[PDB]
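Residue numbers (the entry's author numbering), protein chains in the order written: chain W, 20 to 203; chain O, 15 to 156; chain Q, 11 to 560; chain N, 1 to 54; chain S, 1 to 139; chain K, 239 to 268; chain L, 28 to 168, 194 to 333; chain Y, 389 to 499.
Cβ atoms here follow ideal geometry from the backbone N, Cα and C, with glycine treated the same way.
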Amino acid sequence: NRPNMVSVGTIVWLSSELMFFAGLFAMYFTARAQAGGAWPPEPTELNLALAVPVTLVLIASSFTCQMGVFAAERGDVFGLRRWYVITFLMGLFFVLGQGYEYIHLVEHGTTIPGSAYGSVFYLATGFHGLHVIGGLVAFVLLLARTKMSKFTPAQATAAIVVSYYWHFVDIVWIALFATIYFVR
Amino acid sequence: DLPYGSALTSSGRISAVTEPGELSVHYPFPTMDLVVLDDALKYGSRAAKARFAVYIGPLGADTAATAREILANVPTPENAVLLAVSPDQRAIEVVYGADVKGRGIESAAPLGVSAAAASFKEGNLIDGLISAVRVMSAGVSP
Amino acid sequence: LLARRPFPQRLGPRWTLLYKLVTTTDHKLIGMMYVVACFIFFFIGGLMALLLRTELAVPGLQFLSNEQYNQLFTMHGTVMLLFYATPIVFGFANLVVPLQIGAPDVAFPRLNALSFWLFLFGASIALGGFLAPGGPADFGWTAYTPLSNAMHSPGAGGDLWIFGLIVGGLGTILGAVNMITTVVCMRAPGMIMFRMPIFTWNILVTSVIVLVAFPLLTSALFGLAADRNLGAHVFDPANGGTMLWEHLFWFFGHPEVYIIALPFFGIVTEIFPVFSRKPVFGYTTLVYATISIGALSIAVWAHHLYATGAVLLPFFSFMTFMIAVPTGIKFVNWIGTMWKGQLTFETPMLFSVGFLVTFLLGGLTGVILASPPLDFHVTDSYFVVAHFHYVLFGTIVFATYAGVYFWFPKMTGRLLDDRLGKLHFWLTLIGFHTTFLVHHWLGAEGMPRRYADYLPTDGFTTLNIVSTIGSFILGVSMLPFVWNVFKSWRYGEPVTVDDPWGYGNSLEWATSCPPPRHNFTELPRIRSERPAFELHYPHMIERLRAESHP
Amino acid sequence: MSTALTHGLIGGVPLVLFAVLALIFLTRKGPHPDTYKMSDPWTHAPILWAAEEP
Amino acid sequence: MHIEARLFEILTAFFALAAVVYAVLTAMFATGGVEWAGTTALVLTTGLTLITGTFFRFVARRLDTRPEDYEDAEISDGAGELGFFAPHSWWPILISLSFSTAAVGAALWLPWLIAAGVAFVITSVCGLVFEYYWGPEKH
Amino acid sequence: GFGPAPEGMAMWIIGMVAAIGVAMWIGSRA
Amino acid sequence: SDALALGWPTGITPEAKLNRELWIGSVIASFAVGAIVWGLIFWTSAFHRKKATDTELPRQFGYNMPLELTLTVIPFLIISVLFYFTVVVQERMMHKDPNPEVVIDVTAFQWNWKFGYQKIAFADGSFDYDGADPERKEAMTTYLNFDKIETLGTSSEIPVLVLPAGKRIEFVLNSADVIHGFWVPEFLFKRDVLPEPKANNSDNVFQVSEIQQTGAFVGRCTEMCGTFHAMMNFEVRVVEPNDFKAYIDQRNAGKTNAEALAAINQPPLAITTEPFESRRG
Amino acid sequence: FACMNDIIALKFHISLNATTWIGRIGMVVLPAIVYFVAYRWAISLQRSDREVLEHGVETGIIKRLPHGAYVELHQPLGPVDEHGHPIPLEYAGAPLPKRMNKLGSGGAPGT
Ligand SMILES: CCCCCCCCCCCCCCCCCC(=O)OC[C@H](COP(=O)([O-])OCC(O)COP(=O)([O-])OC[C@@H](COC(=O)CCCCCCCCCCCCCCCCC)OC(=O)CCCCCCCCCCCCCCCCC)OC(=O)CCCCCCCCCCCCCCCCC
Ligand code: HAS
Ligand code: HAS
Ligand SMILES: [Cu+2]
Ligand SMILES: [Cu+2]
Ligand SMILES: [Cu+2]
């Protein structure tokens with residue numbers, strides 16, 4: 020009959036990171052209206068392929084991140100450990116996928132200098148990518164912490180809140196992908 | 015009974031209150047003559063391993079027999095060396111705690127009274143109690 | 011009978027504190043570290059104001075350079091707002107909020123300590139820009155982006171200013187996670203969301219506003235560092251940009267302004283029923299005034315943008331006049347709770363009456379500046395610099411010292427002195443109305459802010475000297491307050507009494523001074539808005555419920 | 001007027017105004033009680049002052 | 001847990017109203033289009049009070065009235081154990097040093113001192129997270 | 239970018255951390 | 028009258044004189060209410076704790092629901108009689124007219140105010156200069197407005213802008229480098245100049261209806277520019293409409309303000325401001 | 389660090405003259421204010437070893453008592469009295485545990 024403090028304090032904090040992407044969307048939408056006479060990518064072209072497959076991986080990561088956190092509530096430490104290696108390797112496929120999208124757009128197109136679009140594309144998808152790399156570090160710091168105690172309910176409740184951060188990263192990237200690829 | 019503002023809590027901690035201008039402890043000596051009396055007591059009870067305690071109160075009964083009841087209120091009445099002063103009566107009296115008898119209290123306690131009676135007359139009370147505890151602790155050794 | 015040591019121990023032993031400052035999660039100690047390590051910055055920021063006031067005394071560049079001046083009010087506005095005024099919010103929160111609810115600690119104790127040290131290292135990075143050859147941030151504390159480029163402000167030091175406000179800007183976000191989830195989760199059994207003091211509501215509401223303001227700043231400053239260290243056309247003036255920053259700074263800017271004001275309304279609501287012997291008048295209405303300020307503060311960001319071309323002026327006009335209504339409700343609840351009670355002017359009460367006198371002129375000139383044609387004359391003048399000291403030196407000086415003098419014999423167990431504390435008040439309110447009252451006249455006649463020299467053909471000399479006469483009275487006034495604390499930290503009148511101010515009205519006055527390491531040896535039966543007035547006074551419980559509601 | 005009437009009074013009035021208020025407020029017979037003279041029948045209380053060192 | 005979730009839903013019903021009014025009025029009265037930089041920060045500050053606000057509804061429907069909600073609850077009602085609190089830790093002084101030395105490196109733009117600062121952040125967050133889960137040394 | 243000053247930084251935080259950190263893994267704490 | 032308006036200069040345009048009429052709406056609103064709240068805080072200094080009501084705590088009243096409704100609407104109607112006058116007055120301002128009768132570019136560059144003249148058409152229809160060369164503008168590959201009667205104003209010349217004192221005047225407000233500010237304090241009005249105002253969704257320009265006084269007035273910069281922000285003083289001159297026709301005809305042949313203001317027997321340097329010694333050396 | 393002040397001046401942006409004067413003034417000051425803070429760090433570690441013998445290992449768990457009274461549930465590291473206070477141990481130069489997981493209260497994660 021108690022409201023689970025450490026699961027409260029994350030969602031109070033995960034409301035702050037949405038405001039971190041309120042000052043990163045506002046850089047995009049004001050470099051789109053007051054600067055875009057034509058379409059905002061003038062010398063660059065965004066391929067939906069290599070962008071629509073890597074965003075179906077984060078959708079299928081938050082499925083596997085939630086099917087691992089169901090094994091935390093039951094008590095399976097090994098059910099938690101299996102699906103957070105499925106979630107970790109698929110999140111690492113996203114950073115390796117999104118990192119290859121940058122190489123396709125730097126040595127062929129625009130970078131952070133040179134274009135006003137390349138400075139709002141590489142910061143909106145840049146500080147999101149640091150929230151994925153910082154989210155994959157929490158899948159190392161949680162699975163290496165299941166190896167040190169008897170998998171208490173405090174070991175499971177910290178697996179709730181690392182899952183809450185990964186659903187937030189997935190939801191923000193839906194809000195990115197459906198803005199900087201489909202509302203071009 | 016209880017005073018006007020105190021209240022008895024769930025356990026026996028009497029939680030007191032004081033009106034916003036007035037103080038909490040009304041010791042009638044100046045503040046820099048209580049600080050000098052602490053490190054007379056605290057360093058006197060540290061160098062000599064006794065416990066020096068100072069009593070200032072009315073000994074309305076017989077003087078030599080009332081101060082044994084004061085000695086039991088010290089938290090360890092074995093190493094306790096109590097100095098009782100009656101400012102109404104000229105009734106300074108040292109009460110050792112029946113364990114410092116082996117060490118040197120018998121050559122210090124008549125020296126602890128005369129060095130605190132010469133500082134009461136033509137003087138105030140806190141001059142003597144400072145100049146007793148730092149005198150009768152040099153005579154006491156662990 | 012009842013053997014006690016004569017005077018309490020002045021300092022501790024040798025080294026009872028130095029490792030207790032490194033490994034601590036005690037919120038009462040972290041609050042005393044916020045309070046001490048912000049008056050370091052109230053002096054570093056303050057000595058810059060006395061160097062920014064002697065150049066303006068005699069009309070000419072007397073001893074400073076021109077660019078040495080412009081990096082003074084920059085590091086005076088930054089240090090006095092973001093390095094003093096925002097952590098003293100979470101100083102009085104860590105001392106008091108886990109006491110005012112029946113809680114042992116804050117929700118996350120190692121984020122309480124980590125929020126202190128992100129401040130103390132985030133602050134000395136930004137004012138560590140004085141070591142640089144070009145000096146620290148030459149632009150304003152607002153840092154408008156054509157001026158904040160890599161070629162208009164080329165030196166580093168303006169780069170440490172950006173990364174001094176994201177380290178400490180992360181400190182307040184992690185400090186506001188504690189102050190919500192302590193209030194939400196850790197109340198006493200019997201304490202409900204109401205019957206909880208107004209100061210805990212103010213720390214609750216502004217912790218919501220910290221999570222709205224401070225991420226939007228941190229997101230804007232990382233876009234300003236990509237504009238400088240990398241080459242990025244965010245904030246570039248041909249892309250929006252020079253009004254992107256105007257809508258990103260001030261969306262942080264006025265919500266951070268109201269997390270400076272509202273928690274020290276809570277100190278002020280705490281003090282008036284203690285010294286006027288009767289409750290907080292309109293208790294629930296002050297709760298619905300704090301919320302409606304905290305909602306309307308976020309939607310008024312562009313009343314700081316009236317002169318810069320085109321914003322939607324009638325939107326941010328009317329929404330800005332709507333903060334005058336709840337802030338005006340909080341005054342009539344403050345005279346109302348001061349009204350019929352007998353009134354003792356002790357030093358916490360004395361500083362809260364000086365709060366009500368200075369903040370009134372700070373709010374009267376605020377709605378003056380809210381109307382845009384009245385703002386079209388004075389919007390970057392010294393009428394503004396008068397405005398945010400009558401509104402700011404009231405909540406952050408007259409209402410922190412109201413709170414320092416009110417919870418000093420609860421944090422240390424020593425009464426801070428009152429004859430020396432009345433000397434410290436009357437040096438301030440005599441001094442403060444000498445300094446900034448003439449800026450209303452001098453700023454409305456043509457003296458714009460952020461100037462170093464003002465040309466003796468102008469008629470500004472005989473009023474800039476009146477402020478400089480007054481400003482050193484504010485510099486002298488710190489001397490009988492530092493001497494008050496330094497003497498009464500270790501000496502000074504002991505409090506063997508769990509409530510030194512008589513009528514405590516909160517759970518912090520139902521415990522010892524100082525409290526134990528987990529704040530409570532007992533808890534009273536919490537069944538009203540004020541527990542320690544129904545405790546300590548059982549002969550009033552049949553009168554709190556009856557003789558209310560006129 | 002000149003650089004003497006300002007700087008000789010910018011630093012002068014905050015010391016005169018500090019000297020006026022120090023004479024008013026620092027001589028007001030504070031709440032600490034007076035010293036106990038010996039010609040006084042000791043109406044205060046019993047007082048026990050045990051040290052807490054051992 | 002009714003009037004902790006109501007505290008945020010009142011804030012949502014204003015911000016989601018102040019974001020619609022501002023994006024409509026700048027669509028028809030500002031000198032250009034919809035003023036994007038301020039209407040984004042109001043459409044996403046009703047996302048702050050909606051993630052947080054509509055989460056405490058699910059901790060108001062799942063959870064019964066705990067004694068921090070009951071009107072006249074005696075003090076011997078929640079007399080159990082609160083939970084774990086770190087009694088002392090020298091890790092928060094090290095994470096703040098580590099994040100500051102990753103922010104001096106982003107201020108002076110030293111990429112070797114960013115990366116050395118980020119590596120200090122992880123080992124000091126690996127310290128603070130793993131701290132109360134180690135077990136003895138197995139020799 | 240070269241010289242004996244980055245040699246000293248890359249010795250203490252790479253070479254001697256991985257020499258103490260191995261010694262703390264092999265040896266015990268008593 | 029003069030004391031109730033806390034130091035405002037008397038406006039010379041009829042739009043600025045409407046501000047000073049509204050600024051003494053401090054009397055009706057601020058100093059009226061600001062004496063009521065002082066009249067209650069200093070009224071509770073006759074309510075001390077005297078030694079008769081010492082064992083009697085007061086009535087302990089906390090909720091008076093008629094009072095938080097009367098003393099909410101009364102602060103609400105005062106800001107409901109405002110947001111009427113401060114909407115009418117800013118609608119009297121922000122006003123444009125397709126016969127501007129002189130158009131003056133101000134082009135606030137880094138630290139010394141390069142003015143300039145564009146098209147001008149009096150109500151008599153007699154002068155009609157209309158000079159702003161687009162061929163000079165095409166040498167930059194922009195937003196700046198270049199012209200041929202520009203007033204440069206170097207670091208010791210302190211640029212004097214000359215405009216007639218019975219006509220409508222338009223100020224196109226551009227900036228080369230940083231956001232500066234354009235403030236003649238006698239025009240009780242101020243607008244910040246931006247780098248690209250039409251790219252920042254700004255309004256870029258304002259107009260005064262007329263000038264009602266002759267003479268010469270100070271102009272300063274307000275929003276912060278950098279190092280020599282205190283040195284950006286310009287200085288308008290409101291000459292007669294007949295002396296203004298003789299100003300440009302001496303200037304169109306090509307002279308400077310030290311010579312063009314001398315031919316209309318007026319002091320050529322700035323008389324209400326002067327160059328700084330701290331910048332020239 | 390004063391022999392590499394041609395690199396502190398260039399990369400950390402301070403000065404070439406100010407780095408010698410923080411090396412000249414600091415050569416007297418900084419060995420004198422590290423003597424103070426380490427003589428007072430060392431004794432303040434000694435008092436941390438005596439709050440774990442006299443009271444016990446500070447376990448985190450609070451347990452509000454039925455009359456208020458937040459407590460901390462120390463683990464005594466020794467024998468007990470018939471009253472709830474522990475007997476004080478003696479210091480012996482050996483490192484004392486401060487955390488309860490290091491006393492084997494964590495357990496095994498399941499092999
Ligand atoms: C990168 C620069 C440095 C390079 C050096 C690398 C090696 C240094 C450490 C060497 C560790 C010993 C190696 C063997 C131990 C293996 C663990 C084990 O089985 O038993 C646990 C072992 C049991 O010890 P015990 O004798 O049984 O008793 C301990 C008690 O149970 C409980 O004891 P307790 O309560 O007293 O506390 C335990 C713990 C206290 O708890 C902790 O603090 C845990 C620390 C976790 C370490 C996290 C990773 C370390 C490096 C992070 C770098 C991230 C990348 C950043 C790149 C940025 C790019 C933008 O204290 C320690 O264990 C001492 C560790 C000393 C290292 C601290 C580092 C200080 C400076 C960090 C700067 C790193 C250099 C940066 C230069 C620039 C960037 C290149 O505990 C450990 O030693 C844990 C060490 C954690 C290190 C694991 C990773 C190995 C390092 C190689 C990395 C490359 C592989 C990763 C990629 C491959 C992917 C598959
Ligand atoms: C402690 C921190 C602060 C508080 C609180 C604060 C309150 C207000 N401020 Fe402010 N402020 C502005 C408007 C207001 C308004 C309307 C309020 C309100 O919250 C004031 C509250 C009102 C009251 C407390 C009075 C209520 C009392 C009663 C009894 C109710 C009836 C009385 C009425 C209706 C008044 C009668 C008068 C009439 C004219 C109707 C504006 C402009 O509209 C500017 C920018 C100027 C410019 O152009 O750059 C500004 C600038 C600042 C700056 C500097 C930024 C910079 O340098 O650019 C700071 C630090 C600051 C702090 C603070 N400010 N403010
Ligand atoms: C809560 C926040 C604030 C406080 C407090 C504050 C105090 C003063 N201010 Fe201010 N202020 C100005 C005048 C004063 C004066 C006379 C005081 C007074 O309260 C003075 C307080 C002084 C002290 C309290 C000094 C006491 C210290 C002494 C006597 C000796 C210390 C000794 C040592 C060894 C230091 C100790 C060091 C250790 C490490 C322990 C002026 C004009 O003369 C400007 C505009 C500049 C311009 O032209 O635009 C200004 C500008 C601002 C701005 C706008 C910044 C900007 O435009 O960029 C803000 C936000 C602000 C806030 C605050 N201001 N002020
Ligand atoms: Cu504002
Ligand atoms: Cu300018
Ligand atoms: Cu300027």
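According to the DSSP assignment, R429(Q) belongs to the alpha helix (DSSP H) that extends over 429-445.
Residue environment analysis places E4(S) among the buried positions, since at least 16 neighbouring C-beta atoms fall within 10 angstroms of its C-beta. Of all alpha-carbon atoms in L69(W), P72(W), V159(W), the one lying nearest the alpha-carbon of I105(W) is that of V159(W).
Sequence-distant Cβ neighbours of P92(S) in its own chain, meaning closer than 8 Å and more than five residues away, are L128. For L96(O), the enclosing beta strand (DSSP E) has its first and last residue at 94-99. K56(O) is a Cβ neighbour of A51(N), given a cutoff of 8 Å. Within the region 103-122 of chain Q, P114 place their CB atoms closer than 7 Å to a CB of chain Y, listed in sequence order. CA-to-CA, the gap between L37(W) and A115(S) works out to about 26 Å.
Ranked by how close their Cα comes to the Cα of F84(S), the residues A47(Q), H450(Q), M550(Q), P114(Q) have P114(Q) in first place.
Between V104(S) and chain Q, the shortest Cβ-Cβ separation is below 8 Å. Per DSSP, the unbroken beta strand (DSSP E) holding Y69(O) starts and ends at 65-70. Using a Cβ-Cβ cut-off of 7 Å, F131(Q) is close to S96, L97, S100 of chain S, given in chain order.
If you check the C-beta of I147(L) against ligand 2, you find no heavy atom less than 7 Å away. Counting every other CB atom within 10 Å of its CB across the protein chains shown gives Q110(Q) a total of 16 or more, marking it as buried.
Taking a Cβ-Cβ threshold of 9 Å, the residues of chain O close to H455(Y) are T23, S24, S25, in chain order. Scanning chain O for C-beta atoms nearer than 9 Å to the C-beta of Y501(Q) yields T45, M46, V49, reported in chain order. Neighbours of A116(S) across chain K, judged by C-beta separation under 9 Å: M247, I251. Counting only Cβ-Cβ distances below 8 Å, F173(Q) has contacts in chain S at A103, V104, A106, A107, in chain order. Counting only Cβ-Cβ distances below 7 Å, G512(Q) has contacts in chain O at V31, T32, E33, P34, in chain order. With at least 16 other beta carbons inside 10 angstroms of its own, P67(S) counts as buried. The criterion of a C-beta distance shorter than 8 Å is not satisfied by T228(Q) and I308(Q). From the listed residues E503(Q), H313(Q), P283(Q), the smallest Cα separation to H264(Q) is found for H313(Q).
Here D113(O) is near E92(O), since their CB atoms are less than 8 Å apart.
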